[PDB]
There are 4 protein chains.
Amino acid sequence: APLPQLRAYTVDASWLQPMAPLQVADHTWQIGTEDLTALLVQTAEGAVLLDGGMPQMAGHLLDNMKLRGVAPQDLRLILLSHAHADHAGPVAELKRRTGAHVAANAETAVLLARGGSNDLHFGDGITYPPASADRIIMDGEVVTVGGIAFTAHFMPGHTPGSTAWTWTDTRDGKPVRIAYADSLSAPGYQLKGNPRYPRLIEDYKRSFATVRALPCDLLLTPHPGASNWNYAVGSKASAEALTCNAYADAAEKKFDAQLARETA
Amino acid sequence: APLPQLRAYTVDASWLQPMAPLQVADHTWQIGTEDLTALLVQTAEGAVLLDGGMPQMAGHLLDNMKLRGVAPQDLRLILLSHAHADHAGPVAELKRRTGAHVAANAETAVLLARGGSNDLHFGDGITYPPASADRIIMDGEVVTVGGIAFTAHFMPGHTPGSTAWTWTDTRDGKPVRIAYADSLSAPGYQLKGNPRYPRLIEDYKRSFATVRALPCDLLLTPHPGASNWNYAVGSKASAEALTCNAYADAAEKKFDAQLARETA
Amino acid sequence: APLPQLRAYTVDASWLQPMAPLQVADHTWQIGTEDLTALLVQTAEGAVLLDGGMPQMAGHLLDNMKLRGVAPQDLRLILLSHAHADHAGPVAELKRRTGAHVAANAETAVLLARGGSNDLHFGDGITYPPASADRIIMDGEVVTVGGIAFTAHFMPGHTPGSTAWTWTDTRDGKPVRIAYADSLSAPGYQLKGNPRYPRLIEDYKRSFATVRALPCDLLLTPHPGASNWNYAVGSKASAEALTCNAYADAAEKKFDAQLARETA
Amino acid sequence: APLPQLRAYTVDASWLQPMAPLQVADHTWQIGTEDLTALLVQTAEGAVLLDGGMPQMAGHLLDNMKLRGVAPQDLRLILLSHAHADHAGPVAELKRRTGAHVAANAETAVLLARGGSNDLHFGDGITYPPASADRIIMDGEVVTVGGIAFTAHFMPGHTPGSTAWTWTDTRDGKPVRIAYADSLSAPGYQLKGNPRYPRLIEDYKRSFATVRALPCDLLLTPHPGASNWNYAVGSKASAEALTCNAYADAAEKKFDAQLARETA
Ligand SMILES: [Zn+2]
Ligand SMILES: [Zn+2]
Ligand SMILES: [Zn+2]
Ligand SMILES: [Zn+2]
Ligand SMILES: [Zn+2]
Ligand SMILES: [Zn+2]
Ligand SMILES: [Zn+2]
Ligand SMILES: [Zn+2]
C-alpha cells in the first residue's frame, strides 16, 4: 500500500486548441487558444502581452508574435490578470526567451514567485514554473508602453491579486475602450469562514461593483465563455459579448446562489 | 565636480537609547529602546517578537531576550507592523541567529524582500538588509503561537502593507486586549495625485476607521510618542496612553490639515 | 489537433512505499521510504533532516518524527543533497509546518528557489513546490546543531549544487563516521559539449576524487540501491553497503562507459 | 550612552568623477567614472553593459548611453564581475528604467539578491539596493547578444561568484580579444581558517592560473589602476596596461605576502 502518485493539471482539449491571431482593435490581437485568452498589443515601441495560458503554450505565443511581426526582443512587458497556471503558465519561459519584464501587484507577485503552490484553495495541486515580478504596481497605477496607457484596477476575489486592465485603443481611427477583467468565479472555494481568506466575501462584493464601473466599450475575460466571446467564428467573435454590468451582475447571482448553498 | 557621496540613515539619539525589559502584560514585554517599540510575547511554546527597530539593534534584542529567559532558538515568529528600516531593520540578522520565521502580508513581504529600497515616497534613501517572508497572512487571519492568537488587521497608508496586530493577554489573571497599531502618519508624502499610490487618500480614510474599531483596552504604536507612551518612567509608561479612538481621530485631523496645505 | 497535456512526475512504487524509522547510529535514523533516503538526526537541541523525497512524503516524514518523539517545532534544520523533486519535494511544506530553516549552497538554493524548473537537462519536466534557502553554506563549512557538526563537501555533477554531508555519530558509545554522499549518476545527460554545462566532465572527475577522500565508516546515498543499502531487511540493511572508494570507482566506470558511447 | 549611528559607504572622490565615453574597440566603450569601469558594448540588436559602479551612478550611465545613441529600451543585458556595491550598485535602478535582463552565476545571484548584505568578510557594512538575476550562467557558458559572444570564466576569490568576461571585438576591422577580469585582491580578508570561506586559499590559487590562461590582447579590470589603465588621459589610457600574466602574477605576489603576514 504505497503513497499515491502525482497528478497532472489536465484541462479540456479546447483550452489547448491553437488558433491564428484574431484582431480585436487596431493594436489589439488575440493570440491564445480557442478557450484561453492571450492578448497582444503592438505599439511603436514594442509589444505588450496580457496573460499566456497553460504552461505548454509558450511556443504558440511566440509563433503568433512572429506572424504579427513581433520578434522575441520586441516583447516589452507582460501583464497578468491572476497568477494561476491556466493563465500565467508560460510566463517564466517567456521571460527567458524574450527579455520582457513582468508587472503585477504584490499579491500576484508572491503567488507568481512560488509558481501557484500553497494556493489558498487549491494547495499544491495546480503548479507551474515560477517567475519573478520586475515591477510592482498599485491600484489605479498607469503603465505606459509606446504611448498606450494601461490602468490597473484591483478586483480581489478569484485570487487576492486579481487585476483588471483597461486601455483605450482605436478601431479604424474611432476610439474604443477595452476592459480585460479577471474571472469573478469561486470554483469550489469555501466562502464563509475561510481561515486562509477571512475577508473573501467582502472582497468579492467590492469587486463586483469595481467591474460594473470600469470604463468599457468592449469586455474580455481570461476565459472567453465567461463574457460570451467565441474566438472560433472569427469576425463574429464579439457579437454576443456581455457588458461590464451584465458580466458582474451575472457572476454575483451565481455567487449569492453558491453562498446560499454553502450554508446548507 | 564629482558625484555626491552616499548618505546614511541617521535618526535621533533617543531612538537608539537601550532600555531594560518593561512589562506590559503577564506575557508581553517591551524590549526595544526608549523611542522604538519592540514587543516580546512569551508563551509555553516559545516567544513572538513584533518589530525590531533600527538595524543595529539586533544585539540588544537578543540580550533582553536572554534577560527574560528566551534563548535564540526559542524565538519562534517575527511579526511586523511595516517594513521600514526603523522597525524591520534587524529582521534579516535575527532570522540567521534565531531560526525564527517571519509572517507578513504580500505588500510588507515584497518591501521586506528588497530591503526598503524603491520606496513609494523615499526611494533608496532609507535601506536595510533584506529578508524573506516565510508565511503570507491575509486580512483578518489568525496566527496562533503557544495558545496565544494574533489577529492581523490591514491598515494601509503609511505603507501599503501596514498591519495592526491584536491579541488578548492577561494582567494578573484579569484579561486585557492589546492592540499594536501601526503609524498613521504621512511624513512628506505627496497625498493627492501620487502616480506611485493613486488610492493613497482612500486607503488612509479606510485605515482611520479600521483603527477606531479595533478591540483594544491598551494601545501601542511603533513609536511610543504617537500613542503618548513613555517607556522611560517605568510603571507610569501607559498612564497618559491614548485610546484607539483618540489615536485615529488625532491622526486624521493632522492628515486633513496636511492634505489641505498640499492644495496650496 | 490540440496541444499536449501536462505530464506528471511518475516514479516506481517502491519509492513511495512507507517504512518505519530504521536506526543507523545512536542519533541517526532513516525515516524515508524503501527506495528513498530521508535521514533524521536527533540532538539535545532539536533535530536535523537530510532530504525528504517525493513531494507527497511530507505527511509521512512528520509521522515518523512523532514516532521518534520529535514535535514539528523541534525540527531545526533541513539539509539537502541536491534540489531534485525526488529528494527536495516536501521541503516547502515542511518549512511551513515545522518552522525549520534550510541550509544549502548557492547552486542548490537557486534551483530550490525555482522548484526544479529550468533544469539544465530536464527542463520543466520534473517540478515541485519552490522553497527559499535561509542560510548559504560554502565548501567545507561546518554546520553545528546540538553539538553535532555537519561538514559540507561540494561534489558537482548530478546537479551543480550536489553536496555530500559528513558527521561523526556514535554506535553504543563507539564513534562512527557517517558520509551521506549524493548521486554520481548522469541519467540521459549530454556530457560532451553541453551549452548549459560546459565544464560537466571536469566537475564529475573532480567529484569522483572528492567522494573517495571523504572520511567515512558508513556510506549512505539518496537512493539506497546506489550504495547497496536495503532498508527493507531491517537489521541487515547496511550489510552489503559499499565503501566510498567502491561507490566512486563504480560510478566512474559507468561514467566513462557512458561518455564513450556518447562519442558514437 | 546610546547605540552607534549607521555609517555610509564613503569612497574616494575619483571613484565618483564622471567622464565622457572613452572608446576601447569598435563596439566597446568606457562609460563609468575615472576610477570605476563600466563597459558598454553596442551591437546590431542592442547594447550590453558590464558593471555599473557606485549606486549613485545610475543617471550617469544613462546619459552616456544617450551620448552613444543607446535608448534605455536598447540596453538588453547586464553582466557583472562581482556583486559588491562599488560595481553592482545601480543595477536595481537600471533594471527598472531600461527593461534589461541580468545574467550572473549562482553565487553572484544570491549575493545580488540580498544587496551585498551578510557579506563573507564585510557583513552589512557595504550594502546597496537588491536586484534579482534573470538568467543563471555556468562556467564557460557563452552569452550571445547581436552576434557578439561573451564567455564567462569563474575566478572565485574576491567574491565566490567573481567572474571574468571575454569577447572578441574589432579595432578598425582588425580583431581584438578583450578580457575583463575581476579584482584578485583580498582587502582585509581572513585568509587562513575562515569559517565562512574554508577553501578561500584554494579558490584564489585556482583563480590566479585562470586569469593567466585567458585569451587576451587587451585586459580591463573593475578598477582601472589594478591593470594600470588611466581613463583620464584619453587616447593613452591603455598605454601602460598590463597583460593577463603580469596582472595575475602581481596579485599572487601580494597574496602570498599578505598570507605570510597573517601567520604572524
Ligand atoms: Zn484561475
Ligand atoms: Zn482560469
Ligand atoms: Zn516608517
Ligand atoms: Zn517609523
Ligand atoms: Zn536527482
Ligand atoms: Zn534522484
Ligand atoms: Zn569588491
Ligand atoms: Zn571593488
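Letters go in sequence order (proteins before strands), and every chain restarts at 1. Any value given below was found using the heavy atoms of this structure, including those in side chains, with hydrogens, waters and symmetry copies removed. Whatever order the structure lists ligands and atoms in, that order sets their numbers, starting from 1.
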Subject >> Atom of D:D86 closest to the Zn ion (ligand 8), considering N, O or S atoms >> reply: OD2
**OP:** Give a yes/no answer: is there an N/O/S atom of C:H87 under 2.8 Å from the Zn ion (ligand 5)?
**Re:** no
Original post:
What is the name of the N/O/S atom in A:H84 that sits closest to the Zn ion (ligand 1)?
Top reply: ND1
Original post:
Taking side chain as C-beta onward, heavy atoms only, is D:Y231 less than 4.5 Å from D:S14?
Top reply: no
Subject >> side-chain contact (heavy atoms from CB on, under 4.5 Å), paired with A:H223, selected from A:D35, A:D182, A:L36, A:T37 >> reply: A:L36
Original post:
Only one of A:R114, A:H84, A:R196 forms a side chain to side chain donor-acceptor pair (under 3.5 Å) with A:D119, so which one is it?
Top reply: A:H84
**OP:** May I have the step-by-step check of ring-ring contact (aromatic ring centres under 6.0 Å, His included) for A:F208 and A:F255, ending in yes or no?
**Re:** CA-CA 10 Å; A:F208 292 143; A:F255 179 85; 5.6 Å; yes
Original post:
Considering only N, O or S atoms, which atom of C:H82 is nearest to the Zn ion (ligand 5)?
Top reply: NE2
